[PDB]
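Listing of model-v9.cif, mmCIF, N, CA, C and O atoms
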```
data_final
loop_
_atom_site.label_atom_id
_atom_site.label_comp_id
_atom_site.auth_asym_id
_atom_site.auth_seq_id
_atom_site.Cartn_x
_atom_site.Cartn_y
_atom_site.Cartn_z
N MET A 1 111.28 107.68 111.91
CA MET A 1 112.39 106.73 112.18
C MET A 1 111.97 105.73 113.23
O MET A 1 112.10 105.97 114.43
N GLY A 2 111.42 104.61 112.77
CA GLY A 2 110.89 103.62 113.68
C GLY A 2 109.48 103.99 114.10
O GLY A 2 108.86 104.86 113.48
N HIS A 3 108.98 103.32 115.14
CA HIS A 3 107.65 103.61 115.70
C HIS A 3 106.54 103.16 114.76
O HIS A 3 105.35 103.22 115.09
N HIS A 4 106.91 102.68 113.59
CA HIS A 4 105.94 102.29 112.59
C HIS A 4 105.45 100.87 112.84
O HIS A 4 105.93 99.91 112.24
N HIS A 5 104.51 100.74 113.77
CA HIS A 5 103.90 99.46 114.07
C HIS A 5 102.72 99.21 113.15
O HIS A 5 102.13 100.14 112.61
N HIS A 6 102.38 97.94 112.96
CA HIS A 6 101.22 97.58 112.15
C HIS A 6 99.95 97.82 112.94
O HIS A 6 99.91 97.62 114.15
N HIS A 7 98.91 98.27 112.26
CA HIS A 7 97.64 98.56 112.92
C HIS A 7 96.50 98.43 111.94
O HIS A 7 96.56 98.95 110.82
N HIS A 8 95.45 97.73 112.35
CA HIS A 8 94.29 97.54 111.50
C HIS A 8 93.06 98.14 112.19
O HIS A 8 92.32 97.45 112.90
N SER A 9 92.88 99.43 111.99
CA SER A 9 91.81 100.18 112.62
C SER A 9 90.46 99.79 112.02
O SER A 9 89.44 99.79 112.70
N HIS A 10 90.47 99.44 110.74
CA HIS A 10 89.25 99.10 110.04
C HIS A 10 89.57 98.19 108.86
O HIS A 10 90.26 98.59 107.92
N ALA A 11 89.10 96.95 108.93
CA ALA A 11 89.34 96.00 107.85
C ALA A 11 88.22 96.06 106.84
O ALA A 11 88.42 95.86 105.64
N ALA A 12 87.04 96.35 107.34
CA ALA A 12 85.86 96.48 106.50
C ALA A 12 85.76 97.90 105.96
O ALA A 12 84.91 98.68 106.38
N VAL A 13 86.65 98.23 105.05
CA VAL A 13 86.69 99.56 104.45
C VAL A 13 87.40 99.50 103.10
O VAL A 13 88.24 98.63 102.87
N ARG A 14 87.05 100.41 102.21
CA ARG A 14 87.63 100.44 100.89
C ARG A 14 88.74 101.48 100.84
O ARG A 14 88.54 102.63 101.25
N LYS A 15 89.89 101.07 100.36
CA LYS A 15 91.02 101.98 100.23
C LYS A 15 90.81 102.86 99.00
O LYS A 15 90.33 102.39 97.97
N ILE A 16 91.16 104.12 99.13
CA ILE A 16 90.91 105.09 98.08
C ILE A 16 92.13 105.23 97.19
O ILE A 16 93.26 104.91 97.58
N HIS A 17 91.90 105.70 95.98
CA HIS A 17 92.97 105.87 95.01
C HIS A 17 93.34 107.34 94.89
O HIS A 17 92.55 108.15 94.41
N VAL A 18 94.53 107.68 95.36
CA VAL A 18 95.00 109.05 95.32
C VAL A 18 95.95 109.28 94.15
O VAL A 18 96.76 108.41 93.82
N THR A 19 95.84 110.43 93.53
CA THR A 19 96.71 110.78 92.43
C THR A 19 97.93 111.53 92.95
O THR A 19 97.81 112.67 93.40
N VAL A 20 99.08 110.89 92.91
CA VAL A 20 100.31 111.50 93.39
C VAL A 20 101.05 112.16 92.25
O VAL A 20 101.54 111.49 91.33
N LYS A 21 101.11 113.49 92.28
CA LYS A 21 101.72 114.25 91.21
C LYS A 21 103.04 114.86 91.65
O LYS A 21 103.07 115.73 92.51
N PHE A 22 104.12 114.41 91.05
CA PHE A 22 105.42 115.01 91.27
C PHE A 22 105.70 116.04 90.18
O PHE A 22 105.00 116.08 89.16
N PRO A 23 106.72 116.89 90.36
CA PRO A 23 107.15 117.85 89.34
C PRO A 23 107.83 117.17 88.15
O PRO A 23 108.55 117.80 87.38
N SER A 24 107.59 115.87 88.00
CA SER A 24 108.22 115.07 86.98
C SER A 24 107.32 113.92 86.55
O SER A 24 106.99 113.76 85.36
N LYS A 25 106.90 113.11 87.52
CA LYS A 25 106.13 111.92 87.25
C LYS A 25 104.76 111.98 87.93
O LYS A 25 104.53 112.81 88.82
N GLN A 26 103.87 111.10 87.51
CA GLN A 26 102.53 111.02 88.08
C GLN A 26 102.12 109.56 88.22
O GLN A 26 102.18 108.80 87.26
N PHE A 27 101.70 109.18 89.41
CA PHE A 27 101.26 107.81 89.65
C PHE A 27 100.15 107.78 90.69
O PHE A 27 99.94 108.75 91.41
N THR A 28 99.42 106.68 90.75
CA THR A 28 98.32 106.55 91.68
C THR A 28 98.66 105.51 92.75
O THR A 28 99.28 104.49 92.45
N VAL A 29 98.27 105.79 93.98
CA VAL A 29 98.56 104.90 95.09
C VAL A 29 97.27 104.56 95.84
O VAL A 29 96.40 105.41 96.01
N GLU A 30 97.14 103.30 96.25
CA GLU A 30 96.00 102.88 97.04
C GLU A 30 96.29 103.07 98.51
O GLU A 30 97.15 102.41 99.08
N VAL A 31 95.57 103.99 99.10
CA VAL A 31 95.75 104.30 100.51
C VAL A 31 94.41 104.31 101.22
O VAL A 31 93.37 104.52 100.61
N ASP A 32 94.44 104.06 102.51
CA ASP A 32 93.23 104.10 103.32
C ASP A 32 92.77 105.54 103.53
O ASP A 32 93.58 106.47 103.48
N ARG A 33 91.49 105.73 103.78
CA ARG A 33 90.92 107.06 103.97
C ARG A 33 91.26 107.60 105.37
O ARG A 33 91.21 108.81 105.61
N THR A 34 91.61 106.70 106.28
CA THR A 34 92.04 107.09 107.62
C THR A 34 93.56 107.04 107.73
O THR A 34 94.12 107.09 108.83
N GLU A 35 94.21 106.96 106.58
CA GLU A 35 95.66 106.91 106.52
C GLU A 35 96.26 108.20 107.07
O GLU A 35 95.74 109.29 106.83
N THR A 36 97.35 108.06 107.81
CA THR A 36 98.04 109.21 108.37
C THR A 36 98.83 109.93 107.28
O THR A 36 99.21 109.32 106.28
N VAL A 37 99.08 111.23 107.47
CA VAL A 37 99.87 111.99 106.50
C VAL A 37 101.27 111.40 106.41
O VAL A 37 101.86 111.32 105.33
N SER A 38 101.79 110.97 107.55
CA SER A 38 103.07 110.28 107.61
C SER A 38 103.02 108.98 106.81
O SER A 38 103.96 108.63 106.10
N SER A 39 101.89 108.28 106.90
CA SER A 39 101.75 106.97 106.28
C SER A 39 101.51 107.13 104.79
O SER A 39 101.77 106.22 104.00
N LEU A 40 101.03 108.31 104.41
CA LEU A 40 100.87 108.65 103.02
C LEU A 40 102.25 108.87 102.41
O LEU A 40 102.58 108.30 101.37
N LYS A 41 103.05 109.69 103.08
CA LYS A 41 104.41 109.96 102.64
C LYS A 41 105.26 108.69 102.69
O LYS A 41 106.14 108.51 101.86
N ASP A 42 104.98 107.83 103.67
CA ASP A 42 105.65 106.53 103.76
C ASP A 42 105.49 105.75 102.46
O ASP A 42 106.47 105.32 101.85
N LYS A 43 104.24 105.61 102.03
CA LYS A 43 103.93 104.87 100.81
C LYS A 43 104.57 105.52 99.59
O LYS A 43 105.10 104.83 98.72
N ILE A 44 104.52 106.84 99.53
CA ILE A 44 105.13 107.58 98.42
C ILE A 44 106.65 107.41 98.43
O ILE A 44 107.27 107.26 97.38
N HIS A 45 107.24 107.39 99.62
CA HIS A 45 108.68 107.21 99.78
C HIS A 45 109.11 105.83 99.30
O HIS A 45 110.24 105.64 98.84
N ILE A 46 108.22 104.86 99.42
CA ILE A 46 108.50 103.51 98.95
C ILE A 46 108.52 103.47 97.42
O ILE A 46 109.28 102.71 96.81
N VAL A 47 107.71 104.33 96.81
CA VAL A 47 107.63 104.40 95.35
C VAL A 47 108.73 105.30 94.78
O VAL A 47 109.51 104.87 93.92
N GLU A 48 108.80 106.53 95.26
CA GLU A 48 109.72 107.52 94.71
C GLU A 48 110.99 107.60 95.57
O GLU A 48 111.03 107.10 96.70
N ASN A 49 112.01 108.24 95.03
CA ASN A 49 113.30 108.37 95.70
C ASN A 49 113.25 109.44 96.79
O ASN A 49 114.00 109.38 97.76
N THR A 50 112.37 110.42 96.61
CA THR A 50 112.28 111.55 97.52
C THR A 50 112.02 111.13 98.97
O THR A 50 111.11 110.35 99.26
N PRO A 51 112.88 111.60 99.88
CA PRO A 51 112.68 111.45 101.32
C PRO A 51 111.39 112.12 101.80
O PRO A 51 110.94 113.11 101.23
N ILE A 52 110.83 111.58 102.87
CA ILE A 52 109.53 112.00 103.38
C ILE A 52 109.49 113.48 103.78
O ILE A 52 108.57 114.21 103.40
N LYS A 53 110.50 113.94 104.52
CA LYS A 53 110.50 115.30 105.04
C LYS A 53 110.67 116.36 103.94
O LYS A 53 110.30 117.52 104.14
N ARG A 54 111.21 115.97 102.79
CA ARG A 54 111.51 116.93 101.74
C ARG A 54 110.33 117.13 100.79
O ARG A 54 110.17 118.20 100.22
N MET A 55 109.52 116.10 100.62
CA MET A 55 108.36 116.21 99.75
C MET A 55 107.14 116.68 100.53
O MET A 55 106.82 116.13 101.59
N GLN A 56 106.49 117.70 100.02
CA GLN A 56 105.30 118.25 100.65
C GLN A 56 104.06 117.95 99.82
O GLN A 56 104.09 118.07 98.59
N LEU A 57 102.99 117.56 100.49
CA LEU A 57 101.77 117.16 99.82
C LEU A 57 100.78 118.32 99.82
O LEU A 57 100.52 118.92 100.86
N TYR A 58 100.24 118.64 98.66
CA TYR A 58 99.24 119.69 98.56
C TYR A 58 97.93 119.12 98.02
O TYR A 58 97.89 118.55 96.93
N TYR A 59 96.86 119.27 98.79
CA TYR A 59 95.56 118.78 98.40
C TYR A 59 94.58 119.93 98.19
O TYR A 59 94.09 120.52 99.15
N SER A 60 94.35 120.26 96.92
CA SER A 60 93.34 121.24 96.53
C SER A 60 93.47 122.57 97.30
O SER A 60 92.47 123.24 97.57
N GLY A 61 94.70 122.94 97.62
CA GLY A 61 94.93 124.21 98.29
C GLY A 61 95.43 124.05 99.71
O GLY A 61 95.98 125.00 100.28
N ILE A 62 95.26 122.87 100.28
CA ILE A 62 95.71 122.62 101.65
C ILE A 62 97.06 121.92 101.64
O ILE A 62 97.23 120.88 101.00
N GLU A 63 98.03 122.50 102.34
CA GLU A 63 99.33 121.88 102.52
C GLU A 63 99.25 120.82 103.62
O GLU A 63 98.93 121.12 104.77
N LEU A 64 99.52 119.58 103.25
CA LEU A 64 99.49 118.47 104.19
C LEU A 64 100.83 118.38 104.91
O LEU A 64 101.69 117.58 104.54
N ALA A 65 101.01 119.24 105.89
CA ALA A 65 102.28 119.33 106.60
C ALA A 65 102.20 118.69 107.98
O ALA A 65 103.22 118.52 108.65
N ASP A 66 101.00 118.32 108.39
CA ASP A 66 100.81 117.72 109.71
C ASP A 66 100.95 116.21 109.64
O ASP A 66 100.00 115.49 109.34
N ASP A 67 102.16 115.74 109.94
CA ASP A 67 102.52 114.33 109.86
C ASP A 67 101.64 113.47 110.76
O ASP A 67 101.41 112.29 110.50
N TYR A 68 101.12 114.09 111.81
CA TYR A 68 100.37 113.38 112.84
C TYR A 68 98.88 113.24 112.49
O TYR A 68 98.17 112.45 113.11
N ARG A 69 98.41 114.00 111.50
CA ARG A 69 96.99 113.96 111.15
C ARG A 69 96.71 112.89 110.11
O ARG A 69 97.64 112.36 109.50
N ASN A 70 95.44 112.58 109.91
CA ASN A 70 95.03 111.61 108.89
C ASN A 70 94.47 112.33 107.67
O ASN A 70 94.23 113.54 107.71
N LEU A 71 94.25 111.58 106.60
CA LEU A 71 93.71 112.14 105.37
C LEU A 71 92.26 112.57 105.56
O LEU A 71 91.81 113.54 104.95
N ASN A 72 91.53 111.85 106.41
CA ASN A 72 90.13 112.17 106.68
C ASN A 72 90.00 113.55 107.32
O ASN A 72 88.99 114.22 107.15
N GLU A 73 91.03 113.96 108.04
CA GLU A 73 91.06 115.28 108.67
C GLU A 73 90.97 116.39 107.63
O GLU A 73 90.38 117.44 107.87
N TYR A 74 91.57 116.15 106.48
CA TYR A 74 91.59 117.14 105.41
C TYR A 74 90.42 116.94 104.46
O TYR A 74 90.11 117.81 103.64
N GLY A 75 89.75 115.80 104.59
CA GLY A 75 88.62 115.50 103.72
C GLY A 75 89.07 115.02 102.36
O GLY A 75 88.69 115.60 101.34
N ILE A 76 89.88 113.98 102.34
CA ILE A 76 90.41 113.45 101.09
C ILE A 76 89.63 112.21 100.66
O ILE A 76 89.54 111.23 101.40
N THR A 77 89.07 112.26 99.46
CA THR A 77 88.34 111.14 98.90
C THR A 77 89.13 110.54 97.73
O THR A 77 90.28 110.90 97.50
N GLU A 78 88.51 109.61 97.01
CA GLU A 78 89.17 108.94 95.89
C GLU A 78 89.27 109.88 94.68
O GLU A 78 88.47 110.80 94.53
N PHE A 79 90.29 109.63 93.85
CA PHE A 79 90.55 110.43 92.65
C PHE A 79 90.98 111.83 93.02
O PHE A 79 90.88 112.77 92.22
N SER A 80 91.48 111.97 94.23
CA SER A 80 92.00 113.24 94.71
C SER A 80 93.34 113.54 94.05
O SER A 80 94.12 112.64 93.75
N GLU A 81 93.59 114.82 93.81
CA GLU A 81 94.82 115.24 93.17
C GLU A 81 95.81 115.75 94.21
O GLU A 81 95.68 116.88 94.70
N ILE A 82 96.76 114.91 94.57
CA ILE A 82 97.77 115.27 95.54
C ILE A 82 99.00 115.80 94.82
O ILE A 82 99.75 115.04 94.19
N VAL A 83 99.20 117.09 94.89
CA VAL A 83 100.31 117.72 94.22
C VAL A 83 101.51 117.75 95.15
O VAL A 83 101.49 118.38 96.21
N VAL A 84 102.56 117.05 94.76
CA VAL A 84 103.73 116.89 95.60
C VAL A 84 104.81 117.89 95.20
O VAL A 84 105.44 117.77 94.15
N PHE A 85 105.01 118.89 96.04
CA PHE A 85 106.06 119.87 95.82
C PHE A 85 107.30 119.49 96.61
O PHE A 85 107.27 119.40 97.84
N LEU A 86 108.39 119.27 95.89
CA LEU A 86 109.63 118.82 96.50
C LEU A 86 110.44 120.01 96.99
O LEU A 86 110.83 120.88 96.21
N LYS A 87 110.70 120.04 98.29
CA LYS A 87 111.46 121.12 98.89
C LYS A 87 112.95 120.79 98.88
O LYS A 87 113.55 120.51 99.91
N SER A 88 113.51 120.76 97.68
CA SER A 88 114.93 120.52 97.49
C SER A 88 115.40 121.31 96.27
O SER A 88 115.22 120.89 95.13
N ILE A 89 115.97 122.48 96.52
CA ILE A 89 116.35 123.39 95.44
C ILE A 89 117.85 123.62 95.39
O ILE A 89 118.34 124.41 94.57
N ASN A 90 118.59 122.95 96.26
CA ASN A 90 120.04 123.07 96.27
C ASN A 90 120.65 122.02 95.35
O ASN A 90 121.65 122.27 94.67
N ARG A 91 120.03 120.86 95.33
CA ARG A 91 120.41 119.81 94.40
C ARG A 91 119.16 119.27 93.71
O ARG A 91 118.32 118.62 94.33
N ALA A 92 119.05 119.56 92.42
CA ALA A 92 117.86 119.21 91.65
C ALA A 92 117.75 117.70 91.46
O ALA A 92 118.75 116.98 91.50
N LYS A 93 116.53 117.25 91.25
CA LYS A 93 116.26 115.85 90.98
C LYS A 93 115.09 115.73 90.02
O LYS A 93 114.34 116.69 89.84
N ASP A 94 114.95 114.58 89.40
CA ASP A 94 113.80 114.31 88.55
C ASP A 94 112.74 113.63 89.37
O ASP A 94 112.91 112.43 89.68
#
```
Exercise: express the given structure as structure tokens:
Amino acid sequence: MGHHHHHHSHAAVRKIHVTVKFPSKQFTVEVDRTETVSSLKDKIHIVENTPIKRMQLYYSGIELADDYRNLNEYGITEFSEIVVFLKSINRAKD
């Protein structure tokens, strides 16, 4: 909620293509390799209806629950399969 300032840590870098898999839809997003987990969910939140805190990102067995860490911390490269498990079972959604 706020605090989202613009920052260009590296302009001379190629953004990677991550595969965002929901329990319904599948789409690819261009994100930086030093992108924060929060900033990953930010971009996904812009695409999908799911709120950031409710959707959990799973990368090849690792739960990306640390909002403060970056993707490089988990070792995420291009064509990665990010499985998004939605933690909302009281009211279902597509």
Exercise. How far is it from atom CA of residue A:43 to atom CA of residue A:74, in Å with one decimal?
Worked result: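 Spanning atom CA of residue A:43 to atom CA of residue A:74 is a straight-line distance of 18.0 Å.
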Exercise. How would you write, as a ChimeraX atom specification, the set of residues in stretch 1-87 of chain A that DSSP gives as strand (DSSP E or B)?
Worked result: /A:16-21,26-31,36,55-59,62-64,70,80-86
Can I get the selected residues back with N, CA, C and O atoms, as a short mmCIF file (atom, residue, chain, number, x, y, z; two decimals), keeping the file's coordinate frame?
```
data_model
loop_
_atom_site.label_atom_id
_atom_site.label_comp_id
_atom_site.auth_asym_id
_atom_site.auth_seq_id
_atom_site.Cartn_x
_atom_site.Cartn_y
_atom_site.Cartn_z
N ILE A 16 91.16 104.12 99.13
CA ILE A 16 90.91 105.09 98.08
C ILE A 16 92.13 105.23 97.19
O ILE A 16 93.26 104.91 97.58
N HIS A 17 91.90 105.70 95.98
CA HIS A 17 92.97 105.87 95.01
C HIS A 17 93.34 107.34 94.89
O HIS A 17 92.55 108.15 94.41
N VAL A 18 94.53 107.68 95.36
CA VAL A 18 95.00 109.05 95.32
C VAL A 18 95.95 109.28 94.15
O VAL A 18 96.76 108.41 93.82
N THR A 19 95.84 110.43 93.53
CA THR A 19 96.71 110.78 92.43
C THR A 19 97.93 111.53 92.95
O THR A 19 97.81 112.67 93.40
N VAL A 20 99.08 110.89 92.91
CA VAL A 20 100.31 111.50 93.39
C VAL A 20 101.05 112.16 92.25
O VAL A 20 101.54 111.49 91.33
N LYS A 21 101.11 113.49 92.28
CA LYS A 21 101.72 114.25 91.21
C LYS A 21 103.04 114.86 91.65
O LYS A 21 103.07 115.73 92.51
N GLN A 26 103.87 111.10 87.51
CA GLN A 26 102.53 111.02 88.08
C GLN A 26 102.12 109.56 88.22
O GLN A 26 102.18 108.80 87.26
N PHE A 27 101.70 109.18 89.41
CA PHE A 27 101.26 107.81 89.65
C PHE A 27 100.15 107.78 90.69
O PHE A 27 99.94 108.75 91.41
N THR A 28 99.42 106.68 90.75
CA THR A 28 98.32 106.55 91.68
C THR A 28 98.66 105.51 92.75
O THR A 28 99.28 104.49 92.45
N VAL A 29 98.27 105.79 93.98
CA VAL A 29 98.56 104.90 95.09
C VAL A 29 97.27 104.56 95.84
O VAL A 29 96.40 105.41 96.01
N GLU A 30 97.14 103.30 96.25
CA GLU A 30 96.00 102.88 97.04
C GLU A 30 96.29 103.07 98.51
O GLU A 30 97.15 102.41 99.08
N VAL A 31 95.57 103.99 99.10
CA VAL A 31 95.75 104.30 100.51
C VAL A 31 94.41 104.31 101.22
O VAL A 31 93.37 104.52 100.61
N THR A 36 97.35 108.06 107.81
CA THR A 36 98.04 109.21 108.37
C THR A 36 98.83 109.93 107.28
O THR A 36 99.21 109.32 106.28
N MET A 55 109.52 116.10 100.62
CA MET A 55 108.36 116.21 99.75
C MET A 55 107.14 116.68 100.53
O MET A 55 106.82 116.13 101.59
N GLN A 56 106.49 117.70 100.02
CA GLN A 56 105.30 118.25 100.65
C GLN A 56 104.06 117.95 99.82
O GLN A 56 104.09 118.07 98.59
N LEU A 57 102.99 117.56 100.49
CA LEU A 57 101.77 117.16 99.82
C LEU A 57 100.78 118.32 99.82
O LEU A 57 100.52 118.92 100.86
N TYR A 58 100.24 118.64 98.66
CA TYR A 58 99.24 119.69 98.56
C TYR A 58 97.93 119.12 98.02
O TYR A 58 97.89 118.55 96.93
N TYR A 59 96.86 119.27 98.79
CA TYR A 59 95.56 118.78 98.40
C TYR A 59 94.58 119.93 98.19
O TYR A 59 94.09 120.52 99.15
N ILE A 62 95.26 122.87 100.28
CA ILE A 62 95.71 122.62 101.65
C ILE A 62 97.06 121.92 101.64
O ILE A 62 97.23 120.88 101.00
N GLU A 63 98.03 122.50 102.34
CA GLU A 63 99.33 121.88 102.52
C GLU A 63 99.25 120.82 103.62
O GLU A 63 98.93 121.12 104.77
N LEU A 64 99.52 119.58 103.25
CA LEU A 64 99.49 118.47 104.19
C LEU A 64 100.83 118.38 104.91
O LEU A 64 101.69 117.58 104.54
N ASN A 70 95.44 112.58 109.91
CA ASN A 70 95.03 111.61 108.89
C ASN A 70 94.47 112.33 107.67
O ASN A 70 94.23 113.54 107.71
N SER A 80 91.48 111.97 94.23
CA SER A 80 92.00 113.24 94.71
C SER A 80 93.34 113.54 94.05
O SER A 80 94.12 112.64 93.75
N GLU A 81 93.59 114.82 93.81
CA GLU A 81 94.82 115.24 93.17
C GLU A 81 95.81 115.75 94.21
O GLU A 81 95.68 116.88 94.70
N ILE A 82 96.76 114.91 94.57
CA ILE A 82 97.77 115.27 95.54
C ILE A 82 99.00 115.80 94.82
O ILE A 82 99.75 115.04 94.19
N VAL A 83 99.20 117.09 94.89
CA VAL A 83 100.31 117.72 94.22
C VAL A 83 101.51 117.75 95.15
O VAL A 83 101.49 118.38 96.21
N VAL A 84 102.56 117.05 94.76
CA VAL A 84 103.73 116.89 95.60
C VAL A 84 104.81 117.89 95.20
O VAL A 84 105.44 117.77 94.15
N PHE A 85 105.01 118.89 96.04
CA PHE A 85 106.06 119.87 95.82
C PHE A 85 107.30 119.49 96.61
O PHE A 85 107.27 119.40 97.84
N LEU A 86 108.39 119.27 95.89
CA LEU A 86 109.63 118.82 96.50
C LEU A 86 110.44 120.01 96.99
O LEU A 86 110.83 120.88 96.21
#
```
For this session: Please report, as a PyMOL selection string, each residue of stretch 11-56 of chain A to which DSSP assigns alpha helix (DSSP H) when run on this structure's backbone.
Result: chain A and resi 37-47
Exercise. What is the atom CA of residue A:17 to atom CA of residue A:41 distance in Å?
Worked result: 14.3 Å
Exercise. When the PyMOL selection byres (((chain A and resi 81-85 and name CA) around 6) and name CA) is applied to the file above, which residues end up in the set, as an MDAnalysis selection string?
Worked result: chainID A and resid 19:22 55:59 80 86
Exercise. Looking at all atoms listed in the file, which of A:42, A:16, A:72, A:93 is the one that sits closest to residue A:30?
Worked result: A:16
Exercise. So how many Å separate atom CA of residue A:87 and atom C of residue A:28, to one decimal?
Worked result: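 Taking atom CA of residue A:87 as the start and atom C of residue A:28 as the end point, the length is 21.1 Å.
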Problem set entry | From A:47, A:75, A:6, A:31, residue lying nearest residue A:18 [all atoms listed in the file] | A:31
Exercise. Excluding same-chain residues fewer than 4 positions from residue A:37, what lies within 5 Å of it counting only N, CA, C and O atoms, as number ranges by chain?
Worked result: A: 41-42, 66-67, 69-71
Output N, CA, C and O atoms for every residue in the selection just made, as a PDB file, keeping the file's coordinate frame.
```pdb
ATOM      1  N   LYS A  41     103.050 109.690 103.080  1.00  0.00           N
ATOM      2  CA  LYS A  41     104.410 109.960 102.640  1.00  0.00           C
ATOM      3  C   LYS A  41     105.260 108.690 102.690  1.00  0.00           C
ATOM      4  O   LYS A  41     106.140 108.510 101.860  1.00  0.00           O
ATOM      5  N   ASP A  42     104.980 107.830 103.670  1.00  0.00           N
ATOM      6  CA  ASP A  42     105.650 106.530 103.760  1.00  0.00           C
ATOM      7  C   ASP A  42     105.490 105.750 102.460  1.00  0.00           C
ATOM      8  O   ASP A  42     106.470 105.320 101.850  1.00  0.00           O
ATOM      9  N   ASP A  66     101.000 118.320 108.390  1.00  0.00           N
ATOM     10  CA  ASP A  66     100.810 117.720 109.710  1.00  0.00           C
ATOM     11  C   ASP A  66     100.950 116.210 109.640  1.00  0.00           C
ATOM     12  O   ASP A  66     100.000 115.490 109.340  1.00  0.00           O
ATOM     13  N   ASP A  67     102.160 115.740 109.940  1.00  0.00           N
ATOM     14  CA  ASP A  67     102.520 114.330 109.860  1.00  0.00           C
ATOM     15  C   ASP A  67     101.640 113.470 110.760  1.00  0.00           C
ATOM     16  O   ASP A  67     101.410 112.290 110.500  1.00  0.00           O
ATOM     17  N   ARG A  69      98.410 114.000 111.500  1.00  0.00           N
ATOM     18  CA  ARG A  69      96.990 113.960 111.150  1.00  0.00           C
ATOM     19  C   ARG A  69      96.710 112.890 110.110  1.00  0.00           C
ATOM     20  O   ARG A  69      97.640 112.360 109.500  1.00  0.00           O
ATOM     21  N   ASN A  70      95.440 112.580 109.910  1.00  0.00           N
ATOM     22  CA  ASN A  70      95.030 111.610 108.890  1.00  0.00           C
ATOM     23  C   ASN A  70      94.470 112.330 107.670  1.00  0.00           C
ATOM     24  O   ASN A  70      94.230 113.540 107.710  1.00  0.00           O
ATOM     25  N   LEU A  71      94.250 111.580 106.600  1.00  0.00           N
ATOM     26  CA  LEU A  71      93.710 112.140 105.370  1.00  0.00           C
ATOM     27  C   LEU A  71      92.260 112.570 105.560  1.00  0.00           C
ATOM     28  O   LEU A  71      91.810 113.540 104.950  1.00  0.00           O
TER      29      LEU A  71
END
```
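Between residue A:48 and the residues A:73, A:78, A:94, A:63, the shortest atom-to-atom distance, using only N, CA, C and O atoms, involves A:94.
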For this session: Spell out the residues picked by the PyMOL selection byres (((chain A and resi 9 and name CA) around 12) and name CA) here, as number ranges by chain.
Result: A: 6-8, 10-13, 32-36
